[PDB]
>>> print(open('work.txt').read())   # compact mmCIF, C-alpha atoms and all ligand atoms
# COMPACT_ATOMS: atom_id res chain seq x y z
CA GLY A 1 -40.88 -7.51 17.52
CA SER A 2 -41.12 -9.20 20.93
CA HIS A 3 -37.89 -11.18 21.43
CA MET A 4 -34.37 -10.27 22.51
CA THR A 5 -31.28 -10.68 20.34
CA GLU A 6 -28.34 -12.66 21.68
CA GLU A 7 -26.53 -9.35 22.07
CA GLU A 8 -29.33 -7.95 24.23
CA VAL A 9 -29.45 -11.06 26.44
CA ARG A 10 -25.67 -10.91 26.78
CA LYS A 11 -25.78 -7.31 28.03
CA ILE A 12 -28.14 -8.34 30.83
CA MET A 13 -25.97 -11.40 31.54
CA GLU A 14 -22.93 -9.16 32.01
CA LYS A 15 -24.91 -6.96 34.41
CA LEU A 16 -26.11 -10.00 36.38
CA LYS A 17 -22.65 -11.58 36.31
CA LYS A 18 -21.01 -8.36 37.52
CA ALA A 19 -23.62 -7.95 40.27
CA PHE A 20 -23.05 -11.48 41.57
CA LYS A 21 -19.27 -11.12 41.38
CA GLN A 22 -19.37 -7.85 43.34
CA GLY A 23 -21.88 -9.10 45.87
CA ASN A 24 -24.17 -6.27 44.81
CA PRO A 25 -27.82 -7.43 45.09
CA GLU A 26 -29.36 -4.04 44.28
CA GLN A 27 -28.27 -4.23 40.64
CA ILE A 28 -30.08 -7.55 40.19
CA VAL A 29 -33.28 -6.28 41.83
CA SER A 30 -33.37 -3.33 39.43
CA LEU A 31 -33.41 -5.80 36.52
CA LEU A 32 -36.58 -7.52 37.73
CA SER A 33 -39.84 -6.86 35.90
CA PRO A 34 -42.63 -5.46 38.15
CA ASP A 35 -44.58 -8.73 37.88
CA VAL A 36 -41.54 -11.01 38.15
CA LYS A 37 -42.22 -14.61 39.13
CA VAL A 38 -39.75 -16.27 41.48
CA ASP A 39 -39.65 -19.98 42.27
CA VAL A 40 -37.37 -21.30 45.00
CA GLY A 41 -37.93 -24.59 46.81
CA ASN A 42 -41.56 -24.92 47.86
CA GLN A 43 -41.83 -21.12 48.07
CA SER A 44 -43.09 -18.96 45.22
CA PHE A 45 -43.03 -15.17 45.00
CA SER A 46 -44.90 -12.76 42.74
CA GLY A 47 -43.94 -9.15 42.08
CA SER A 48 -40.72 -7.18 42.38
CA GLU A 49 -41.58 -5.96 45.89
CA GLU A 50 -41.99 -9.50 47.19
CA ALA A 51 -38.83 -10.54 45.35
CA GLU A 52 -36.83 -7.60 46.75
CA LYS A 53 -38.02 -8.44 50.27
CA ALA A 54 -36.96 -12.06 49.77
CA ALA A 55 -33.58 -11.09 48.31
CA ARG A 56 -32.79 -8.79 51.24
CA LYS A 57 -33.76 -11.48 53.76
CA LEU A 58 -31.50 -14.06 52.13
CA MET A 59 -28.54 -11.72 51.74
CA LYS A 60 -28.61 -10.93 55.48
CA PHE A 61 -27.69 -14.57 56.19
CA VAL A 62 -25.02 -14.82 53.49
CA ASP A 63 -21.44 -14.32 54.67
CA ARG A 64 -19.66 -15.12 51.42
CA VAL A 65 -20.58 -15.37 47.73
CA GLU A 66 -18.66 -17.22 45.01
CA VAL A 67 -19.69 -17.31 41.33
CA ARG A 68 -18.71 -20.68 39.89
CA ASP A 69 -20.12 -20.33 36.38
CA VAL A 70 -22.39 -18.27 34.15
CA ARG A 71 -24.01 -19.33 30.89
CA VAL A 72 -26.54 -17.93 28.45
CA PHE A 73 -29.14 -20.17 26.84
CA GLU A 74 -31.73 -18.53 24.57
CA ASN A 75 -33.30 -15.84 26.77
CA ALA A 76 -32.09 -17.54 29.95
CA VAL A 77 -29.14 -16.46 32.06
CA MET A 78 -27.91 -19.22 34.36
CA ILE A 79 -25.61 -18.51 37.31
CA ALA A 80 -24.10 -21.20 39.53
CA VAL A 81 -23.19 -19.79 42.93
CA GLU A 82 -21.93 -20.89 46.32
CA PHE A 83 -23.32 -19.14 49.40
CA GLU A 84 -21.81 -19.36 52.86
CA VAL A 85 -24.37 -19.25 55.66
CA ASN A 86 -23.23 -19.70 59.26
CA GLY A 87 -19.96 -21.34 58.24
CA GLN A 88 -21.61 -23.80 55.86
CA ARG A 89 -21.36 -23.69 52.08
CA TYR A 90 -24.34 -24.26 49.77
CA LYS A 91 -24.48 -24.49 45.98
CA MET A 92 -27.40 -22.93 44.13
CA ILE A 93 -28.40 -22.28 40.54
CA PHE A 94 -30.18 -19.09 39.54
CA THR A 95 -31.88 -18.95 36.16
CA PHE A 96 -32.99 -15.53 34.96
CA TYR A 97 -35.45 -15.48 32.06
CA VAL A 98 -35.39 -12.16 30.23
CA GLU A 99 -38.21 -10.43 28.36
CA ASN A 100 -38.00 -6.92 26.88
CA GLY A 101 -34.76 -6.10 28.69
CA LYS A 102 -35.84 -7.21 32.17
CA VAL A 103 -36.20 -10.46 34.11
CA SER A 104 -39.72 -11.88 33.94
CA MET A 105 -38.99 -15.16 35.70
CA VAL A 106 -36.45 -16.49 38.19
CA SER A 107 -35.91 -20.19 38.81
CA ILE A 108 -33.73 -21.10 41.75
CA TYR A 109 -32.42 -24.59 42.36
CA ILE A 110 -31.29 -25.34 45.89
CA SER A 111 -29.88 -28.58 47.31
CA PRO A 112 -31.93 -30.69 49.76
CA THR A 113 -29.61 -29.66 52.59
CA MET A 114 -30.39 -25.99 51.94
CA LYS A 115 -34.15 -26.63 51.91
CA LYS A 116 -34.25 -26.91 55.70
CA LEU A 117 -32.14 -23.77 56.05
CA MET A 118 -34.08 -21.90 53.35
CA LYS A 119 -37.34 -22.35 55.27
CA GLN A 120 -35.90 -20.32 58.15
CA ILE A 121 -34.65 -17.52 55.90
CA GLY B 1 -22.07 -38.32 48.51
CA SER B 2 -25.14 -36.62 47.05
CA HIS B 3 -24.15 -35.16 43.66
CA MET B 4 -24.17 -36.32 40.05
CA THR B 5 -21.20 -36.42 37.70
CA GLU B 6 -21.29 -34.56 34.39
CA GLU B 7 -21.46 -37.94 32.65
CA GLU B 8 -24.59 -39.05 34.52
CA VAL B 9 -26.35 -35.73 33.87
CA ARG B 10 -25.46 -35.96 30.18
CA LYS B 11 -26.97 -39.46 30.01
CA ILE B 12 -30.30 -38.19 31.29
CA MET B 13 -30.06 -35.21 28.94
CA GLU B 14 -29.77 -37.59 25.99
CA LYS B 15 -32.82 -39.51 27.23
CA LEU B 16 -34.88 -36.32 27.65
CA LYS B 17 -33.80 -35.02 24.25
CA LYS B 18 -34.83 -38.25 22.54
CA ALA B 19 -38.20 -38.29 24.30
CA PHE B 20 -39.01 -34.76 23.11
CA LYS B 21 -37.80 -35.24 19.56
CA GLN B 22 -39.54 -38.60 19.13
CA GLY B 23 -42.61 -37.34 21.00
CA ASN B 24 -42.67 -39.98 23.72
CA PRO B 25 -43.76 -38.35 27.03
CA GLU B 26 -43.76 -41.62 28.98
CA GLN B 27 -39.95 -41.68 28.77
CA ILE B 28 -39.91 -38.21 30.36
CA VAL B 29 -42.40 -39.23 33.03
CA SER B 30 -40.28 -42.24 33.92
CA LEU B 31 -37.35 -39.88 34.62
CA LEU B 32 -39.36 -37.72 37.02
CA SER B 33 -38.87 -38.12 40.76
CA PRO B 34 -42.05 -39.12 42.64
CA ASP B 35 -42.09 -35.70 44.32
CA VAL B 36 -41.07 -33.72 41.25
CA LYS B 37 -41.98 -30.04 41.36
CA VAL B 38 -43.16 -28.46 38.10
CA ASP B 39 -43.64 -24.74 37.49
CA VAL B 40 -45.11 -23.36 34.27
CA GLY B 41 -46.81 -19.97 34.26
CA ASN B 42 -49.05 -19.60 37.30
CA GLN B 43 -49.60 -23.36 37.38
CA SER B 44 -47.70 -25.57 39.79
CA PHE B 45 -47.61 -29.36 39.97
CA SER B 46 -46.35 -31.75 42.62
CA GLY B 47 -45.66 -35.42 42.01
CA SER B 48 -44.93 -37.53 38.94
CA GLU B 49 -48.50 -38.74 38.46
CA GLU B 50 -49.70 -35.11 38.43
CA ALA B 51 -46.86 -34.19 36.07
CA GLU B 52 -47.84 -37.14 33.87
CA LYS B 53 -51.40 -35.82 33.71
CA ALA B 54 -50.16 -32.38 32.65
CA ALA B 55 -47.84 -33.86 30.01
CA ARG B 56 -50.67 -35.91 28.50
CA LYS B 57 -52.98 -32.89 28.44
CA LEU B 58 -50.38 -30.87 26.56
CA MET B 59 -49.57 -33.64 24.07
CA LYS B 60 -53.26 -33.82 23.12
CA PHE B 61 -52.91 -30.34 21.69
CA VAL B 62 -49.33 -30.44 20.39
CA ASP B 63 -49.19 -31.47 16.72
CA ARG B 64 -45.46 -31.04 16.17
CA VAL B 65 -42.38 -30.80 18.37
CA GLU B 66 -39.04 -29.40 17.32
CA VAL B 67 -36.05 -29.53 19.64
CA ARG B 68 -34.16 -26.37 18.79
CA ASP B 69 -31.23 -26.69 21.20
CA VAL B 70 -30.15 -28.55 24.34
CA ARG B 71 -27.58 -27.63 26.96
CA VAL B 72 -26.30 -28.99 30.26
CA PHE B 73 -25.47 -26.58 33.08
CA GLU B 74 -24.41 -28.19 36.36
CA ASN B 75 -27.33 -30.49 37.24
CA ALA B 76 -29.70 -28.66 34.92
CA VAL B 77 -30.72 -29.87 31.48
CA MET B 78 -32.18 -27.12 29.35
CA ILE B 79 -34.17 -27.91 26.24
CA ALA B 80 -35.40 -25.22 23.87
CA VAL B 81 -38.41 -26.48 21.93
CA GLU B 82 -40.97 -25.29 19.45
CA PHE B 83 -44.50 -26.64 19.85
CA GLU B 84 -47.18 -26.45 17.18
CA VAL B 85 -50.68 -26.03 18.56
CA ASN B 86 -53.62 -25.50 16.22
CA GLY B 87 -51.36 -24.32 13.39
CA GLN B 88 -49.38 -21.83 15.48
CA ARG B 89 -45.77 -22.23 16.65
CA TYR B 90 -44.61 -21.40 20.17
CA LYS B 91 -41.12 -21.36 21.65
CA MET B 92 -40.62 -22.79 25.12
CA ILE B 93 -37.72 -23.66 27.35
CA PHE B 94 -37.83 -26.73 29.61
CA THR B 95 -35.27 -26.94 32.40
CA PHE B 96 -34.88 -30.27 34.20
CA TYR B 97 -32.89 -30.27 37.45
CA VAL B 98 -31.55 -33.71 38.25
CA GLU B 99 -30.96 -35.31 41.65
CA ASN B 100 -29.91 -38.92 42.28
CA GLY B 101 -30.54 -39.94 38.66
CA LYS B 102 -34.04 -38.50 38.29
CA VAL B 103 -35.62 -35.09 37.73
CA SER B 104 -36.46 -33.33 40.99
CA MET B 105 -37.73 -30.08 39.48
CA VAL B 106 -38.97 -28.83 36.14
CA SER B 107 -39.00 -25.15 35.21
CA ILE B 108 -40.81 -24.16 32.02
CA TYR B 109 -40.48 -20.78 30.35
CA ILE B 110 -43.28 -19.88 27.98
CA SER B 111 -43.79 -16.76 25.88
CA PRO B 112 -46.60 -14.32 26.82
CA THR B 113 -48.61 -15.29 23.73
CA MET B 114 -48.73 -18.92 24.89
CA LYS B 115 -49.63 -18.09 28.51
CA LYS B 116 -53.40 -18.06 27.95
CA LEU B 117 -53.32 -21.18 25.77
CA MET B 118 -51.23 -23.17 28.26
CA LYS B 119 -53.61 -22.43 31.12
CA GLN B 120 -56.52 -23.87 29.12
CA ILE B 121 -54.60 -27.00 28.17
CA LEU B 122 -53.22 -27.77 31.63
CA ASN B 123 -56.46 -27.08 33.53
CA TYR B 124 -59.05 -28.27 31.04
CA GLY B 125 -57.24 -30.44 28.48
CL CL C 1 -38.75 -9.57 18.80
CL CL C 2 -22.24 -36.91 45.62
NA NA C 3 -42.23 -15.41 32.08
>>> encode(input="work.txt", output="structure tokens")
Amino acid sequence: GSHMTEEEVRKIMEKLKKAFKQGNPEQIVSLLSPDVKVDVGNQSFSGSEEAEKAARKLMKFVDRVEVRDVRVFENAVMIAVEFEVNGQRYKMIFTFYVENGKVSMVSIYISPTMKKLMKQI
Amino acid sequence: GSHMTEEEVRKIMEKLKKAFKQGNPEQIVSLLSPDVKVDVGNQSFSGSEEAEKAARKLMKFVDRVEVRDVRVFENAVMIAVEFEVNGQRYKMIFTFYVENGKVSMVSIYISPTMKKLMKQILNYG
């Protein structure tokens, strides 16, 4: 009545996984709920518009994307990625929490070395 | 030079799991980095002492804890729990990101029905 079956979460996982693998950010943005909450480093973003703006900014600095692993846990889709920015490689973890077929919350873990870089972006 | 092995992460996972199941928050607080960042709903907390305060507030209202499932993903420990508050059961997911043997960041997913309740507890508990 308000939750998502494993099958439903898996469908969104496949979409997210495919989008990351193709380096296709627009598919992921379309999966965000209008009031999506994004947490990355000290920064926090509210709303799909703010999230889309942030995603586009980040992707402009990213020269290469590699998907290391993807896992589903309850209504959470976790994606471990490596981004190349200016010849340097950074590992990040994206967690997508799904409600009603869309992503309500995004938690992004970034390494301390990327924190300095991420402030610029 | 800066990472944690799967074995070290799993050790902390076991500690976190035991603390939840046995209902002993001080064990969790002891694993938090001094500058731990916690996000739950609209609330945000910085520092272990502040996180400790939030944990104590919550535990005042939580009458039962059930650890439904636990998984390790890279340096993230995810714990799915059910909390009982005032006779009602809520499902939550706690994600603990580990750095250098302690938890640097905590991300908590809560269902929309719990959102109002959690704001009361964390602000006014
Ligand atoms: Cl449901
Ligand atoms: Cl290391
Ligand atoms: Na949410």
>>> closest_residue(input="work.txt", among="A:57, A:37, A:18, A:91", to="ligand NA 3 (chain C)", atoms="all atoms listed in the file")
A:37
>>> closest_atom_pairs(input="work.txt", of="chain A", to="chain B", cutoff="12 Å", atoms="only C-alpha atoms", output="CSV")
residue,atom,partner,partner_atom,distance
A:2,CA,B:111,CA,9.4
A:3,CA,B:111,CA,9.3
A:4,CA,B:111,CA,11.9
A:35,CA,B:42,CA,11.8
A:36,CA,B:41,CA,11.1
A:37,CA,B:41,CA,8.6
A:38,CA,B:39,CA,10.1
A:39,CA,B:39,CA,7.8
A:40,CA,B:39,CA,10.4
A:41,CA,B:37,CA,8.7
A:42,CA,B:37,CA,8.3
A:43,CA,B:44,CA,11.1
A:44,CA,B:39,CA,9.7
A:45,CA,B:42,CA,10.7
A:46,CA,B:42,CA,9.7
A:68,CA,B:74,CA,10.1
A:69,CA,B:73,CA,8.9
A:70,CA,B:73,CA,8.9
A:71,CA,B:73,CA,7.7
A:72,CA,B:71,CA,9.9
A:73,CA,B:71,CA,7.6
A:74,CA,B:80,CA,7.7
A:75,CA,B:93,CA,9.0
A:76,CA,B:93,CA,8.7
A:77,CA,B:73,CA,10.8
A:78,CA,B:73,CA,7.9
A:79,CA,B:73,CA,9.1
A:80,CA,B:74,CA,7.7
A:81,CA,B:74,CA,10.7
A:91,CA,B:74,CA,10.3
A:92,CA,B:74,CA,9.8
A:93,CA,B:74,CA,8.3
A:94,CA,B:76,CA,10.6
A:95,CA,B:95,CA,9.5
A:96,CA,B:109,CA,10.2
A:97,CA,B:109,CA,7.5
A:98,CA,B:109,CA,10.0
A:99,CA,B:111,CA,8.8
A:100,CA,B:112,CA,11.3
A:103,CA,B:109,CA,11.8
A:104,CA,B:109,CA,9.6
A:105,CA,B:109,CA,7.9
A:106,CA,B:107,CA,9.5
A:107,CA,B:107,CA,6.9
A:108,CA,B:107,CA,9.3
A:109,CA,B:97,CA,7.5
A:110,CA,B:97,CA,9.9
A:111,CA,B:99,CA,8.9
A:112,CA,B:99,CA,9.4
A:113,CA,B:2,CA,10.0
>>> atom_distance(input="work.txt", atom1="CA of residue 115 in chain A", atom2="CA of residue 90 in chain A")
10.3 Å
>>> atom_distance(input="work.txt", atom1="CA of residue 49 in chain A", atom2="CA of residue 62 in chain A")
20.3 Å
>>> closest_residue(input="work.txt", among="B:101, B:113, B:120, B:6", to="ligand NA 3 (chain C)", atoms="all atoms listed in the file")
B:113
>>> atom_distance(input="work.txt", atom1="CA of residue 65 in chain B", atom2="atom NA of ligand NA 3 (chain C)")
20.6 Å
>>> residues_around(input="work.txt", residues="residue 23 in chain A", least_positions_apart="6", cutoff="10 Å", atoms="only C-alpha atoms", output="number ranges by chain")
A: 17, 59, 64-67
>>> closest_residue(input="work.txt", among="B:100, B:17, B:90, B:45", to="ligand CL 2 (chain C)", atoms="all atoms listed in the file")
B:100
>>> axis_aligned_box(input="work.txt", around="range 33-42 of chain A", padding_each_side="3 Å", output="JSON")
{"center_x": -41.0, "center_y": -15.2, "center_z": 41.9, "size_x": 13.2, "size_y": 25.5, "size_z": 18.0}
>>> closest_residue(input="work.txt", among="A:120, A:12, A:53, A:101", to="ligand CL 1 (chain C)", atoms="all atoms listed in the file")
A:101
>>> residues_around(input="work.txt", residues="range 22-28 of chain B", least_positions_apart="3", cutoff="9 Å", atoms="all atoms listed in the file", output="VMD selection string")
chain B and resid 15 to 19 31 to 32 52 55 to 56 59 64 to 65
>>> write_last_selection(input="work.txt", atoms="C-alpha atoms", output="PDB file, in the coordinates of the input")
ATOM      1  CA  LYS B  15     -32.820 -39.510  27.230  1.00  0.00           C
ATOM      2  CA  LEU B  16     -34.880 -36.320  27.650  1.00  0.00           C
ATOM      3  CA  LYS B  17     -33.800 -35.020  24.250  1.00  0.00           C
ATOM      4  CA  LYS B  18     -34.830 -38.250  22.540  1.00  0.00           C
ATOM      5  CA  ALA B  19     -38.200 -38.290  24.300  1.00  0.00           C
ATOM      6  CA  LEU B  31     -37.350 -39.880  34.620  1.00  0.00           C
ATOM      7  CA  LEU B  32     -39.360 -37.720  37.020  1.00  0.00           C
ATOM      8  CA  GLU B  52     -47.840 -37.140  33.870  1.00  0.00           C
ATOM      9  CA  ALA B  55     -47.840 -33.860  30.010  1.00  0.00           C
ATOM     10  CA  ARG B  56     -50.670 -35.910  28.500  1.00  0.00           C
ATOM     11  CA  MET B  59     -49.570 -33.640  24.070  1.00  0.00           C
ATOM     12  CA  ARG B  64     -45.460 -31.040  16.170  1.00  0.00           C
ATOM     13  CA  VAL B  65     -42.380 -30.800  18.370  1.00  0.00           C
TER      14      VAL B  65
END
>>> closest_residue(input="work.txt", among="A:85, A:32, A:9, A:16", to="ligand NA 3 (chain C)", atoms="all atoms listed in the file")
A:32
>>> residues_near_point(input="work.txt", point="(-49.9, -33.3, 16.4)", cutoff="12 Å", atoms="only C-alpha atoms", output="ChimeraX atom specification")
/B:22-23,58-66,83-89
>>> closest_residue(input="work.txt", among="B:21, B:102, B:38, B:114", to="residue 53 in chain B", atoms="all atoms listed in the file")
B:38
